[PDB]
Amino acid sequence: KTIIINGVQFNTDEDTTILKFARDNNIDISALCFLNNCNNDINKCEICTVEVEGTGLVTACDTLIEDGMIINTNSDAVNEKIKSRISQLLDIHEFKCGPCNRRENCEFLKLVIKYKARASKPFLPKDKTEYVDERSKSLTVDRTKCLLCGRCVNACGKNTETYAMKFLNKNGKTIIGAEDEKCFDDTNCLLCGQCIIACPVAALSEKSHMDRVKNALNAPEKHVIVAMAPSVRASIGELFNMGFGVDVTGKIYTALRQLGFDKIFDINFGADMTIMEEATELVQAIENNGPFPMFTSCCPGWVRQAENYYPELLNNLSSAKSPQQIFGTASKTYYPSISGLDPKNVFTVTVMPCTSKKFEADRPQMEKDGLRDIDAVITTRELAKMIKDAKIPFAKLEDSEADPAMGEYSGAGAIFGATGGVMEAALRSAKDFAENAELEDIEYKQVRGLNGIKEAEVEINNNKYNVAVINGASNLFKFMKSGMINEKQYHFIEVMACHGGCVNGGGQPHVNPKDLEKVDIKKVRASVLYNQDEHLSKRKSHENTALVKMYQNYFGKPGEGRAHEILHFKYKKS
């Protein structure tokens, strides 16, 4: 093909869109509703407008290149068209960037600045209560910011295949929301927050828990524990212009100490706990020749997916609590026993890359003796905002260590944030358990990677079993519907709601499509975790010294007794 773009001649054999071809050839074309190789088919934003000679104005994001095309991307007709569209968007947009949580990384603002657009008449609502929905424990909607770009709808469609995020006709006007405009919690929504990640503006956010945390920190009698997820240490640096794939663990510890937190632990410890209980459970399931298959239960998005679509699998879920909830359970029991603290005065806070964790933490039965396992859950973005509000120079902070009692962890718990991590860790412990040995080769690279459905054959006590790793909720739906589950007899299956694992969680830092093109965010974030794994002395969860001490002195043997009594949680079908 011979393509003419801005007077420059190209000769290509590629069959792609004008947008992609221009992007690959250093030619600037703006875009808004185009994301995940999809645009808003019904009401296209037309920000990607270009002028094709002989045809007129077209949308470059969904228009294929053709030989003989003379394309103008910067003609004044194009520019005033785009500016017109952006102006129309401003007409329905509360343009107050000051107290906005997307102030420092908003695509729409950058478009407005770029094309110097102004609203015909400024959108300034007196009563935002009609536009705001905070009923959910995980998600919040602010339709004063919504551009109706449909990126959340699409993202929900491709990531989960639930379409829990829909276009709705709210008595006259088009909005986005859950079915029947109900609270997302009351629908088949997984609360995975991929819709948030896809949103270019502040229309979609996480349900804030920062006030819980602040009030806890300022409360004189409250002893505040904080523990961050595996993924957090490999992600938050992005929000401080430190780049991608930067390990900032120690900096996070220091910052958390400077935020006034009373105890600094780590969720990876709880991951090691989860591996203790669940590998014990898998070994005893193997010895009893059932029940098979056993699914992981550490992902609340997947748990909700089972509750809403496959309730018959609820009893197939591991009884072991998620790292978060099991850590929280241990923090209200074991920790006071080794600290002398009043359990009622303990306030446990987790830092998560996930929004569904908020819902999981606020489950009614996720407590004992009136004491919540987890009292508050803040996202990576929330912790970043908290650090910035305290004016803490994160990038320049020196490394510190976590409090050892419940802060030590192995590489097995370290790789949890990546797809296949839980599987690999669980195998590392189960193989050692069932064979009564301490094996040398512990790397299971077959369950790693970004393949949607991963399958492996493992040999435990010289008998072979089939394991599977489901990477994404849509892939769970594919795995079940296509009958792949019934092809062979699977024994242990990992399921994560977010593709790539927790490192691509709904509470993770937003990434400009600019870097989505240049950086493989999932692999780059996971690489930090695996790098931590290969550089750790202990790479098995049952070699965690602090954890071993905890079990020996307090819980006893995992999988049974008080361990099974309080560190486990089972879900019931209706």
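Quick note: we count residues from 1 along the sequence shown, nothing fancier.
J.: Once you work out the mean C-alpha B-factor for both 192-200 and 315-323 from the entry, which is higher?
T.: The recorded data point to 315-323.
J.: Between 297-305 and 81-89, which has the larger average Cα B-factor in the PDB entry?
T.: Stretch with the higher mean C-alpha B-factor: 81-89.
J.: Highest Cα B-factor in the PDB entry belongs to which of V524, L64, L529, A31?
T.: So the option with the highest C-alpha B-factor is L64.
J.: Given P125, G501, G483, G328, identify the residue with the highest C-alpha B factor in the PDB entry.
T.: Among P125, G501, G483, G328, the PDB entry lists the largest C-alpha B-factor for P125.
J.: Rank-wise, by C-alpha B-factor, drop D133 into the lowest, middle or highest third of its chain.
T.: Middle third of the chain for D133's C-alpha B-factor.
J.: Consider only the C-alpha atoms of the modelled residues in this chain, order them by B-factor as the entry records it, and name the third containing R372: lowest, middle or highest.
T.: Answer is middle: the recorded C-alpha B-factor places it there.
J.: Would you mind checking where the Cα B-factor of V458 ranks among the modelled residues of its chain, as the lowest, middle or highest third?
T.: Answer is highest: the recorded C-alpha B-factor places it there.
J.: Rank-wise, by C-alpha B-factor, drop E443 into the lowest, middle or highest third of its chain.
T.: As the PDB entry reports it, the C-alpha B-factor of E443 lands in the highest third of its chain.
J.: Would the CA B-factor of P336 place it in the lowest, middle or highest third of its chain?
T.: Within its chain, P336 is a middle-third residue by C-alpha B-factor, going by the deposited values.
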